[PDB]
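Asks: I am attaching a structure below and will ask some questions about it afterwards.
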Amino acid sequence: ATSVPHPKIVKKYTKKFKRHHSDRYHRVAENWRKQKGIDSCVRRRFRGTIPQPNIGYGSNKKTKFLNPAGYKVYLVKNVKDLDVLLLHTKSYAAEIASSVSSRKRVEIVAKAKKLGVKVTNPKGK
RNA sequence: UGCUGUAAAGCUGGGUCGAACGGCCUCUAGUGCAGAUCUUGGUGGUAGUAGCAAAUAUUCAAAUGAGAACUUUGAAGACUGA
Ligand SMILES: [Mg+2]
Ligand SMILES: [Mg+2]
Ligand SMILES: [Mg+2]
Ligand SMILES: [Mg+2]
Ligand SMILES: [Mg+2]
Ligand SMILES: [Mg+2]
Ligand SMILES: [Mg+2]
Ligand SMILES: [Mg+2]
Ligand SMILES: [Mg+2]
Ligand SMILES: [Mg+2]
Ligand SMILES: [Mg+2]
């Protein structure tokens, strides 16, 4: 890891918690919703039903918010936004906003390279 | 295209697009939908399916026309039957 050393990052659940019957119906979106029905097999946690979000799956507080490279990602919209990462170049990486123009994005990439800040999306436009 | 969050969700690559939009501290509310034989609009399967069967009945040729069972004319065969 090129970042500040950390314990091995553990993700207790790596899949996506998908709402019940978002596979059965198009009108039911995958965005997680807790079943509230009286008879629900999922709300009652029958064997074979889907896993549900709960606080037990919470991430280790020491590896939380770190991408696989070990950085915390901070959203940057202009070159002056990189100033808050001057003393955190080994623990925070910059991500250039999607609505930044191709010109200002070139300026942000050039200044980030000058400052040693890592950029999570260094290619797009 | 991926990343972050247990999650509600946030951010991001590519494509499309064409004029506005967001983060943060607060304020406010007509603020979150799968259901209500919900409302309005739209769209399926059914399905090229049910069917297009009352009132006797049409046929040959020529003309016209891109195209004629169905139009026009001629010839015939019929019917309504005062
Ligand atoms: Mg019960
Ligand atoms: Mg315009
Ligand atoms: Mg504002
Ligand atoms: Mg309302
Ligand atoms: Mg609905
Ligand atoms: Mg409901
Ligand atoms: Mg209905
Ligand atoms: Mg309707
Ligand atoms: Mg038929
Ligand atoms: Mg019939
Ligand atoms: Mg007679």
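Starting from 1 in every chain, residues are counted up; chains themselves are A, B, ... following the order of the structure tokens, and ligands are numbered from 1 as listed.
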Can you pull out every residue with an atom within 9 Å of ligand 9? Use only C-alpha atoms (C1' of nucleotides) and all ligand atoms and format it as a PyMOL selection string.
Replies: chain B and resi 49-51
Asks: Save out the residues we just selected, N, CA and C atoms (P, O5', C5', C4', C3', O3' and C1' of nucleotides), as a PDB file, in the first residue's frame.
Replies:
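Done, and the output landed in result_36.pdb:
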ATOM      1  P     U B  49     -55.527 -16.455 -36.643  1.00  0.00           P
ATOM      2  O5'   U B  49     -56.525 -17.014 -35.550  1.00  0.00           O
ATOM      3  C5'   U B  49     -56.077 -17.863 -34.511  1.00  0.00           C
ATOM      4  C4'   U B  49     -56.851 -17.620 -33.249  1.00  0.00           C
ATOM      5  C3'   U B  49     -58.332 -17.338 -33.434  1.00  0.00           C
ATOM      6  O3'   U B  49     -59.087 -18.534 -33.531  1.00  0.00           O
ATOM      7  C1'   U B  49     -57.371 -15.750 -31.943  1.00  0.00           C
ATOM      8  P     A B  50     -60.422 -18.625 -34.410  1.00  0.00           P
ATOM      9  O5'   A B  50     -61.510 -17.877 -33.537  1.00  0.00           O
ATOM     10  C5'   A B  50     -62.058 -18.472 -32.373  1.00  0.00           C
ATOM     11  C4'   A B  50     -63.049 -17.556 -31.710  1.00  0.00           C
ATOM     12  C3'   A B  50     -64.210 -17.090 -32.573  1.00  0.00           C
ATOM     13  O3'   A B  50     -65.286 -18.006 -32.579  1.00  0.00           O
ATOM     14  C1'   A B  50     -63.229 -15.235 -31.488  1.00  0.00           C
ATOM     15  P     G B  51     -65.771 -18.695 -33.941  1.00  0.00           P
ATOM     16  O5'   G B  51     -65.936 -17.497 -34.971  1.00  0.00           O
ATOM     17  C5'   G B  51     -67.108 -16.702 -34.987  1.00  0.00           C
ATOM     18  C4'   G B  51     -66.785 -15.243 -35.142  1.00  0.00           C
ATOM     19  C3'   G B  51     -66.985 -14.661 -36.527  1.00  0.00           C
ATOM     20  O3'   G B  51     -68.329 -14.312 -36.766  1.00  0.00           O
ATOM     21  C1'   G B  51     -64.921 -13.928 -35.619  1.00  0.00           C
TER      22        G B  51
END
Asks: What does the list of residues within 12 Å of ligand 2 look like if you count only C-alpha atoms (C1' of nucleotides) and all ligand atoms, written as a PDB file with C-alpha atoms (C1' of nucleotides), in the first residue's frame?
Replies:
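Ended up saving to pocket_4.pdb:
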ATOM      1  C1'   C B  17     -27.744  15.962 -24.476  1.00  0.00           C
ATOM      2  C1'   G B  18     -28.150  21.454 -24.643  1.00  0.00           C
ATOM      3  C1'   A B  19     -28.761  25.924 -20.113  1.00  0.00           C
ATOM      4  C1'   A B  20     -28.643  26.030 -16.046  1.00  0.00           C
TER       5        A B  20
END
Asks: Give me every alpha helix (DSSP H) residue in chain A, going by DSSP on the backbone, as a VMD selection string.
Replies: chain A and resid 102 to 115
Asks: Should the cut-off be 7 Å, what would the residue list for chain A against chain B look like, counting only C-alpha atoms (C1' of nucleotides), as number ranges by chain?
Replies: A: 27-28, 53-58, 65, 67, 98, 124
Asks: How about saving the chosen residues, N, CA, C and O atoms kept, as a PDB file, in the first residue's frame?
Replies:
ATOM      1  N   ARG A  27     -41.689  -2.633 -11.011  1.00  0.00           N
ATOM      2  CA  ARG A  27     -42.071  -1.471 -10.223  1.00  0.00           C
ATOM      3  C   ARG A  27     -41.344  -1.411  -8.892  1.00  0.00           C
ATOM      4  O   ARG A  27     -41.266  -0.332  -8.298  1.00  0.00           O
ATOM      5  N   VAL A  28     -40.795  -2.525  -8.425  1.00  0.00           N
ATOM      6  CA  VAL A  28     -40.084  -2.587  -7.157  1.00  0.00           C
ATOM      7  C   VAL A  28     -38.604  -2.429  -7.463  1.00  0.00           C
ATOM      8  O   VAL A  28     -37.983  -3.314  -8.056  1.00  0.00           O
ATOM      9  N   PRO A  53     -29.784  -5.733   5.889  1.00  0.00           N
ATOM     10  CA  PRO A  53     -28.831  -4.821   6.528  1.00  0.00           C
ATOM     11  C   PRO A  53     -29.054  -4.722   8.028  1.00  0.00           C
ATOM     12  O   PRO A  53     -30.171  -4.499   8.492  1.00  0.00           O
ATOM     13  N   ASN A  54     -27.973  -4.867   8.785  1.00  0.00           N
ATOM     14  CA  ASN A  54     -28.005  -4.577  10.209  1.00  0.00           C
ATOM     15  C   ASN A  54     -26.612  -4.151  10.644  1.00  0.00           C
ATOM     16  O   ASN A  54     -25.630  -4.350   9.928  1.00  0.00           O
ATOM     17  N   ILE A  55     -26.544  -3.548  11.829  1.00  0.00           N
ATOM     18  CA  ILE A  55     -25.327  -2.920  12.313  1.00  0.00           C
ATOM     19  C   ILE A  55     -24.194  -3.911  12.535  1.00  0.00           C
ATOM     20  O   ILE A  55     -23.038  -3.500  12.641  1.00  0.00           O
ATOM     21  N   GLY A  56     -24.486  -5.206  12.574  1.00  0.00           N
ATOM     22  CA  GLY A  56     -23.429  -6.186  12.725  1.00  0.00           C
ATOM     23  C   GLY A  56     -22.469  -6.219  11.559  1.00  0.00           C
ATOM     24  O   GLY A  56     -21.302  -6.566  11.726  1.00  0.00           O
ATOM     25  N   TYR A  57     -22.941  -5.868  10.369  1.00  0.00           N
ATOM     26  CA  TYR A  57     -22.104  -5.799   9.183  1.00  0.00           C
ATOM     27  C   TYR A  57     -21.218  -4.565   9.148  1.00  0.00           C
ATOM     28  O   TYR A  57     -20.511  -4.371   8.158  1.00  0.00           O
ATOM     29  N   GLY A  58     -21.232  -3.739  10.191  1.00  0.00           N
ATOM     30  CA  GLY A  58     -20.489  -2.495  10.148  1.00  0.00           C
ATOM     31  C   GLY A  58     -18.999  -2.716  10.004  1.00  0.00           C
ATOM     32  O   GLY A  58     -18.438  -3.689  10.500  1.00  0.00           O
ATOM     33  N   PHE A  65     -14.114   3.592   5.242  1.00  0.00           N
ATOM     34  CA  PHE A  65     -14.065   4.664   4.247  1.00  0.00           C
ATOM     35  C   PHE A  65     -12.824   4.620   3.370  1.00  0.00           C
ATOM     36  O   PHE A  65     -12.630   5.531   2.570  1.00  0.00           O
ATOM     37  N   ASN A  67     -10.648   3.173   0.278  1.00  0.00           N
ATOM     38  CA  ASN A  67     -10.748   2.417  -0.956  1.00  0.00           C
ATOM     39  C   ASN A  67      -9.702   1.300  -0.947  1.00  0.00           C
ATOM     40  O   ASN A  67      -8.866   1.233  -0.043  1.00  0.00           O
ATOM     41  N   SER A  98     -17.571  15.307 -11.734  1.00  0.00           N
ATOM     42  CA  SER A  98     -17.936  14.960 -13.099  1.00  0.00           C
ATOM     43  C   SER A  98     -18.267  16.191 -13.923  1.00  0.00           C
ATOM     44  O   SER A  98     -18.100  16.178 -15.146  1.00  0.00           O
ATOM     45  N   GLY A 124     -10.578  10.550 -17.012  1.00  0.00           N
ATOM     46  CA  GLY A 124     -11.763  10.971 -17.732  1.00  0.00           C
ATOM     47  C   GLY A 124     -11.787  12.392 -18.255  1.00  0.00           C
ATOM     48  O   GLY A 124     -11.932  13.339 -17.483  1.00  0.00           O
TER      49      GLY A 124
END
Asks: Counting only C-alpha atoms and all ligand atoms, which residues of chain A sit at most 12 Å from some atom of ligand 6, and what is each one's closest atom pair with its distance in Å to one decimal, listed by chain and rising residue number, as JSON lines?
Replies:
{"residue": "A:28", "atom": "CA", "partner": "ligand 6", "partner_atom_place_in_ligand_line": "1 (Mg)", "distance": 11.4}
{"residue": "A:33", "atom": "CA", "partner": "ligand 6", "partner_atom_place_in_ligand_line": "1 (Mg)", "distance": 11.0}
{"residue": "A:34", "atom": "CA", "partner": "ligand 6", "partner_atom_place_in_ligand_line": "1 (Mg)", "distance": 11.2}
{"residue": "A:35", "atom": "CA", "partner": "ligand 6", "partner_atom_place_in_ligand_line": "1 (Mg)", "distance": 9.5}
{"residue": "A:36", "atom": "CA", "partner": "ligand 6", "partner_atom_place_in_ligand_line": "1 (Mg)", "distance": 8.4}
{"residue": "A:37", "atom": "CA", "partner": "ligand 6", "partner_atom_place_in_ligand_line": "1 (Mg)", "distance": 8.5}
{"residue": "A:38", "atom": "CA", "partner": "ligand 6", "partner_atom_place_in_ligand_line": "1 (Mg)", "distance": 11.6}
Asks: Identify, with DSSP run on backbone atoms, the residues in chain A assigned to strand (DSSP E), and express the list as a list in words.
Replies: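 Taking chain A and keeping strand (DSSP E) only, one gets residues 72, 73, 74, 75, 76, 92, 93, 94, 95, 96, 118 and 119 of chain A.
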Asks: Keeping only C-alpha atoms, write those residues as a short mmCIF file (atom, residue, chain, number, x, y, z; two decimals), in the first residue's frame.
Replies:
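Output contents, as saved in result27.cif:
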data_model
loop_
_atom_site.label_atom_id
_atom_site.label_comp_id
_atom_site.auth_asym_id
_atom_site.auth_seq_id
_atom_site.Cartn_x
_atom_site.Cartn_y
_atom_site.Cartn_z
CA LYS A 72 -10.15 8.18 1.85
CA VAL A 73 -11.71 9.87 -1.15
CA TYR A 74 -12.43 13.61 -1.10
CA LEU A 75 -14.43 15.32 -3.85
CA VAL A 76 -12.60 18.17 -5.62
CA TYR A 92 -6.58 11.14 1.27
CA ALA A 93 -7.00 11.00 -2.49
CA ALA A 94 -8.78 13.56 -4.65
CA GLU A 95 -11.66 12.72 -6.97
CA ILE A 96 -12.46 15.27 -9.66
CA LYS A 118 -3.37 10.96 -5.61
CA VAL A 119 -6.32 11.25 -8.00
#
Asks: Which one of A:90, A:113, A:43, A:103 sits closest to ligand 1 if you count only C-alpha atoms and all ligand atoms?
Replies: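 Closest to ligand 1 of all the choices is A:43.
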Asks: Using only C-alpha atoms (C1' of nucleotides) and all ligand atoms, what are the residues with an atom within 12 Å of ligand 8, set out as a list in words?
Replies: residues 38, 39, 40, 41, 42 and 43 of chain B
Asks: How about saving the chosen residues, N, CA, C and O atoms (P, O5', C5', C4', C3', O3' and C1' of nucleotides) kept, as a PDB file, in the first residue's frame?
Replies:
ATOM      1  P     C B  38     -59.085  -0.142  -9.594  1.00  0.00           P
ATOM      2  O5'   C B  38     -59.191   0.973  -8.467  1.00  0.00           O
ATOM      3  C5'   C B  38     -58.136   1.192  -7.548  1.00  0.00           C
ATOM      4  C4'   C B  38     -58.251   2.546  -6.909  1.00  0.00           C
ATOM      5  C3'   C B  38     -58.136   3.716  -7.870  1.00  0.00           C
ATOM      6  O3'   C B  38     -59.368   4.061  -8.475  1.00  0.00           O
ATOM      7  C1'   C B  38     -56.654   4.043  -6.076  1.00  0.00           C
ATOM      8  P     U B  39     -59.504   4.191 -10.065  1.00  0.00           P
ATOM      9  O5'   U B  39     -58.998   5.655 -10.386  1.00  0.00           O
ATOM     10  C5'   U B  39     -59.558   6.799  -9.773  1.00  0.00           C
ATOM     11  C4'   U B  39     -58.796   8.027 -10.192  1.00  0.00           C
ATOM     12  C3'   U B  39     -58.407   8.092 -11.659  1.00  0.00           C
ATOM     13  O3'   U B  39     -59.448   8.605 -12.470  1.00  0.00           O
ATOM     14  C1'   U B  39     -56.526   8.569 -10.324  1.00  0.00           C
ATOM     15  P     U B  40     -59.738   7.985 -13.913  1.00  0.00           P
ATOM     16  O5'   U B  40     -58.627   8.635 -14.844  1.00  0.00           O
ATOM     17  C5'   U B  40     -58.632  10.024 -15.129  1.00  0.00           C
ATOM     18  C4'   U B  40     -57.309  10.489 -15.682  1.00  0.00           C
ATOM     19  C3'   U B  40     -56.771   9.742 -16.884  1.00  0.00           C
ATOM     20  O3'   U B  40     -57.387  10.099 -18.104  1.00  0.00           O
ATOM     21  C1'   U B  40     -55.042  10.018 -15.325  1.00  0.00           C
ATOM     22  P     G B  41     -57.483   9.021 -19.283  1.00  0.00           P
ATOM     23  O5'   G B  41     -55.987   8.847 -19.788  1.00  0.00           O
ATOM     24  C5'   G B  41     -55.309   9.907 -20.436  1.00  0.00           C
ATOM     25  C4'   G B  41     -53.834   9.637 -20.593  1.00  0.00           C
ATOM     26  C3'   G B  41     -53.432   8.413 -21.386  1.00  0.00           C
ATOM     27  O3'   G B  41     -53.531   8.577 -22.784  1.00  0.00           O
ATOM     28  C1'   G B  41     -52.155   8.497 -19.430  1.00  0.00           C
ATOM     29  P     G B  42     -53.912   7.316 -23.689  1.00  0.00           P
ATOM     30  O5'   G B  42     -52.613   6.408 -23.655  1.00  0.00           O
ATOM     31  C5'   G B  42     -51.382   6.861 -24.186  1.00  0.00           C
ATOM     32  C4'   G B  42     -50.242   5.997 -23.722  1.00  0.00           C
ATOM     33  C3'   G B  42     -50.287   4.549 -24.151  1.00  0.00           C
ATOM     34  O3'   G B  42     -49.898   4.339 -25.488  1.00  0.00           O
ATOM     35  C1'   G B  42     -49.760   4.644 -21.878  1.00  0.00           C
ATOM     36  P     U B  43     -50.585   3.166 -26.329  1.00  0.00           P
ATOM     37  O5'   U B  43     -49.929   1.843 -25.752  1.00  0.00           O
ATOM     38  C5'   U B  43     -48.526   1.693 -25.709  1.00  0.00           C
ATOM     39  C4'   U B  43     -48.120   0.464 -24.949  1.00  0.00           C
ATOM     40  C3'   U B  43     -48.730  -0.837 -25.416  1.00  0.00           C
ATOM     41  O3'   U B  43     -48.113  -1.316 -26.594  1.00  0.00           O
ATOM     42  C1'   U B  43     -48.770  -0.742 -23.057  1.00  0.00           C
TER      43        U B  43
END
Asks: Report as a tab-separated table (two decimals) with N, CA and C atoms, in the first residue's frame which protein, DNA and RNA residues come within 9 Å of ligand 1, using only C-alpha atoms (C1' of nucleotides) and all ligand atoms.
Replies:
chain	number	residue	atom	x	y	z
A	38	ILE	N	-47.05	-8.36	7.78
A	38	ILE	CA	-47.30	-9.17	8.97
A	38	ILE	C	-46.80	-10.60	8.77
A	39	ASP	N	-46.94	-11.14	7.57
A	39	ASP	CA	-46.62	-12.53	7.30
A	39	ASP	C	-45.30	-12.73	6.58
A	40	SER	N	-44.54	-11.66	6.35
A	40	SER	CA	-43.41	-11.73	5.42
A	40	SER	C	-42.37	-12.75	5.86
A	44	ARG	N	-39.62	-12.07	8.77
A	44	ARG	CA	-39.53	-13.08	9.81
A	44	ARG	C	-38.25	-13.90	9.72
Asks: Go through chain B and flag each residue having an atom no more than 10 Å from ligand 4; for those, report the closest pair of atoms plus their distance in Å to one decimal, using only C-alpha atoms (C1' of nucleotides) and all ligand atoms, ordered by chain and rising number, as a tab-separated table.
Replies:
residue	atom	partner	partner_atom_place_in_ligand_line	distance
B:30	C1'	ligand 4	1 (Mg)	5.8
B:31	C1'	ligand 4	1 (Mg)	7.6
B:32	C1'	ligand 4	1 (Mg)	9.7
Asks: Could you list, as a PyMOL selection string, every residue within 8 Å of residue A:18, counting only C-alpha atoms (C1' of nucleotides) and ignoring same-chain residues fewer than 3 positions away?
Replies: chain A and resi 22+30-32
Asks: Using only C-alpha atoms (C1' of nucleotides) and all ligand atoms, which of the listed residues (B:24, B:36, B:29, B:69) sits closest to ligand 5?
Replies: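 Counting only C-alpha atoms (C1' of nucleotides) and all ligand atoms, the residue closest to ligand 5 is B:36.
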Asks: Could you name the residues that touch stretch 74-80 of chain B at 9 Å or less, counting only C-alpha atoms (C1' of nucleotides), but leaving out those on the same chain fewer than 2 positions away, as a VMD selection string?
Replies: chain B and resid 56 to 62
Asks: With a distance cut-off of 10 Å and only C-alpha atoms (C1' of nucleotides), select the neighbouring residues of residue A:5, excluding the residue or stretch itself and same-chain residues fewer than 4 positions from it, and output the selection as a list in words.
Replies: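 Skipping anything fewer than 4 positions along the chain leaves residues 1, 70, 90 and 91 of chain A.
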Asks: I need the chosen residues saved as a PDB file, in the first residue's frame, with C-alpha atoms.
Replies:
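Saved file out_36.pdb follows:
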ATOM      1  CA  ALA A   1       0.000   0.000   0.000  1.00  0.00           C
ATOM      2  CA  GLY A  70      -5.992   2.616   1.327  1.00  0.00           C
ATOM      3  CA  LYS A  90      -0.745   9.715   2.085  1.00  0.00           C
ATOM      4  CA  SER A  91      -4.228   9.131   3.529  1.00  0.00           C
TER       5      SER A  91
END
Asks: When you count only C-alpha atoms and all ligand atoms, which of these residues is closest to ligand 5: A:24, A:29, A:11, A:106?
Replies: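 Closest to ligand 5 of all the choices is A:29.
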